[PDB]
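What follows is one chain in structure tokens, specifically the form deposited in one PDB entry.
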């Protein structure tokens, strides 16, 4: 209807992400004291001019909301500096991770382990190792959830887990935060999430994505899913909910193959009848006006 793309036996409609679809950048800052107490606490050096990259994108995308999704122990002056950015560029909206409620996506670690123990009493060495070690995991802070444990890391896991959850909320994250001037967002709408290390050279316009989703792929003989661009047309996109179900069902993280990636591949090709390369070709986010990792 806006066309289709077929993959692994299913025809996926190409769906539009129009100007109502906001851009989102994330900055989770472990050491906010490295910035001035009244400065914007986002790196903006010659080498990594990330704030400038974001401002440029906001200027170019004059008809779109630009989100800056942040976390960290910012000072009041830093919060005020972020506020001033919002006044100066009327489409820029700062969203603090503090202000968002993710409890609908959370789960107690005990529940996960019990479910695992129950299944794993019902073929292999892997399983018996799995069973003992999970059993062990339970015995150990009993109120802990996925959120509370990730709340303890201030590293990549903290960033990644919250990026992924944000993407489940999509445009709703702006509404939930109560941001001014967000009347054009579609409730239940998506977002175009971007690494701040990028150059936008001109307007994106409307994107047409298979089932409304696409991801950064890097390509010399090799190809890989990358996490610098994730675009979705709607909140709680089912391919992302798949990743969440995986996180909800598994005791242990896998560092190279994250749950977002695993969920995408599982949703689009649970069987793996097409190779990784074919999946990469299918899902790839490609736009001539974006240059990734300029720095």
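In this text, the rigid core denotes the largest set of C-alpha atoms whose superposition between the two forms falls within 1.5 Å. Numbering follows the first chain given and starts at 1.
Another form, the form deposited in another entry, is not on view; read the next lines as being about it.
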Practice task
Shifts of 2 Å or more in the Cα, rigid core superposed between the shown form and the other one, apply to only one of 133, 80, 90, 203; name it.
Solution key: 133
Handout entry: Yes/no, residue 113 Cα shift of 2 Å or more between the shown form and the other one with rigid core fixed
Key = yes
Problem - Residue shift check between the shown form and the other one, rigid core fit, residue 151 Cα at least 2 Å - result: yes
Handout entry: Shift of residue 36 between the shown form and the other one at or above 2 Å (CA, core fit)
Key = no
Fill in the blank from the handout: Distance flag for residue 99 and residue 255 (Cα, change 3 Å or more) in the other entry: the two residues are closer
Handout entry: Cα separation of residue 194 and residue 256 in the other entry versus here, shift of 3 Å or more
Key = closer
